[PDB]
Amino acid sequence: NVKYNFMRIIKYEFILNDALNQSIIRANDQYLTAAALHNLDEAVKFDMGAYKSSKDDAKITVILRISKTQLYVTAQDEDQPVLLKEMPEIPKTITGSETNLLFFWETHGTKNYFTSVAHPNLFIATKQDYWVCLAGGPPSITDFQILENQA
DNA sequence: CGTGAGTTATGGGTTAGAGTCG
Ligand SMILES: [Mg+2]
Ligand SMILES: [Mg+2]
Ligand SMILES: [Mg+2]
Ligand SMILES: [Mg+2]
Ligand code: NA
């Protein structure tokens, strides 16, 4: 059906801050969480890879990688934590169930939203005292600020 | 450093137009 093809990395080493000034950080080895940080060196740094679709998608599709690693952000289902998936190289071709690696990246001003290609009404979301999850919206926080050049 | 008339559209350059590329 729909196929996604990797173009290139379009953003290196950025930080995601939610609307509450909380940065995404590593929770353990599997998950991410969010926390208010004084020192942004504890914040995860991300790379963003752009994909084209085989059809005229409305919003650009991206993959999110933890910078200087082989760990890619992967969606599960609603209210479940995103998973860090280890991969030898960035996937050149994505279709079928592997679209859980991909997100539509939309901006509303300075606000950035990442919706699962596998679940287009679910967002990367932070929730107090819990891991970064897929969520439909409030009370979860779904709008992020992108802090660039944070290597 | 990235193709080949496509999703040609774009937040963007990748957007022209078959020819560079090592
Ligand atoms: Mg998580
Ligand atoms: Mg494609
Ligand atoms: Mg997804
Ligand atoms: Mg989001
Ligand atoms: Na489009």
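A, B, ... follow the sequence lines: proteins, then strands. Residue 1 opens every chain. We use all heavy atoms of the structure for the numbers below, so side chains are in, but hydrogens, waters and symmetry mates are not.
Computed from coordinates, the A:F14 CZ to B:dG11 P distance equals 19 Å when rounded to whole Å. Whole-Å rounding puts the A:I9 CD1 to B:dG2 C1' distance at 14 Å. Nucleotide B:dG11 holds its P atom 15 Å from the CG atom of A:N112, rounded to whole Å. Note: CE (A:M48) to P (B:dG11) measures 16 Å, nearest angstrom. Distance A:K55 NZ to B:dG6 P: 18 Å, rounded to the nearest Å. Rounded to a whole Å, the CD1 atom of A:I60 is 10 Å from the P atom of B:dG12.
Judged by the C1'-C2'-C3'-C4' torsion, the sugar of B:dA5 sits on the south side, since the angle is negative. The pentose of B:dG12 belongs to the north class of puckers. Its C1'-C2'-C3'-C4' angle has a positive sign.
Using the six-membered ring where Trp is involved, A:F123 and A:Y113 have ring planes that are perpendicular, over 60° apart on the 30 and 60° scheme.
Considering only heavy atoms from C-beta on, A:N100 stays 4.5 Å or farther from A:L102 through its side chain.
Atom CG of A:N121 is surrounded by 12 or fewer heavy atoms from other residues, nucleotides or ligands within 6.0 Å.
For the residue pair A:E13/A:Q150, the side-chain donor-acceptor check at 3.5 Å is not satisfied.
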